[PDB]
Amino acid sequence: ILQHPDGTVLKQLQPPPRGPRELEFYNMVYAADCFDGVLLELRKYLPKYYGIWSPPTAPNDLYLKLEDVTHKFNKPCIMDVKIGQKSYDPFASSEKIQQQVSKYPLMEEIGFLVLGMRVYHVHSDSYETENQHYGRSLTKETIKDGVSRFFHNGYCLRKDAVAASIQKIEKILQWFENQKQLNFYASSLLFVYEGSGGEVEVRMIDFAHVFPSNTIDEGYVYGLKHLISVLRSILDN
């Protein structure tokens, strides 16, 4: 992800088939002639899409130009959470399924995985960051405290941002409870709150494994529900 001062990010297409799949997802949802009620509502929860972009002198080099969801913040606190019980898709080989489950074997049980976070600490005017090994090290016993960390600014727990996050997720959940045409594997929620403010973003990202479906995305729903439950518990801290 390249942050551009114009308030967008450039995301390089991942190798095939993942990159091409994510391109077609954005093209389907943001089709200018789309009047599918499900897809028009879905746009509310995604980064705005500005189309495919490539460097003037390098048409081979494909990017997605997306809204930078962090742009309007002064000191954005950012957390990426992968949602679902399965981070492998319906076309995964036994090898790939094993590869994916082993990356985080607790995915089925918890329904979400923290990919990383960047948290502003007020007292030091500095950031603390966690990488993929943080979330992959969390268990049922430690997930509540693991998520809580995102919302602690060194001084206090930001229950305002926690409650706001629940309210934003509930709208995404409602979208999922009212559609049976897409299932999302290995996709994420991007959480942003103001570290230096009640303003909160929660947006769906990373669509390299979104597939047409005839059923509720039950894995995604389980994950959202569990994540909401954890956030709800944190409000009692």
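Numbering starts at 1 and runs along the sequence shown. Basically, rigid core = biggest C-alpha set you can superpose within 1.5 Å across the two forms.
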Practice task
Rigid core fitted first, then name the stretch among 174 to 182 and 27 to 35 whose C-alphas deviate most from the displayed form in 8 other deposited structures of this protein.
Solution key: 174 to 182
Practice task
Could you say which moves further from this form in 8 other deposited structures of this protein, stretch 46 to 54 or stretch 164 to 172, by root mean square CA distance after aligning on the core?
Solution key: 164 to 172
Problem - Length class of the unmodelled deposited segment, which would lie between residue 181 and residue 182 - result: none
Handout entry: Stretch exceeding the other in mean C-alpha B-factor - 124 to 132, 156 to 164
Key = 124 to 132
Fill in the blank from the handout: Quick note on 142 to 150 and 74 to 82: per-entry mean CA temperature factor is higher in 142 to 150
Handout entry: Residue, from 186, 169, 192, 31, that the PDB entry assigns the highest Cα B-factor
Key = 31
Fill in the blank from the handout: Temperature factor at the Cα of residue 50, chain-ranked in thirds, falls in the middle
Fill in the blank from the handout: Temperature factor at the Cα of residue 67, chain-ranked in thirds, falls in the lowest
Exercise for the section: Among all modelled residues of this chain, ranked by Cα B factor, put residue 41 in the bottom, middle or top third, i.e. lowest, middle or highest. Expected result: middle
Practice task
Please rank the C-alpha B-factors of the chain's modelled residues and tell me whether residue 216 sits in the lowest, middle or highest third.
Solution key: highest
Problem - For residue 206, the third of its chain into which the C-alpha B factor falls - result: lowest
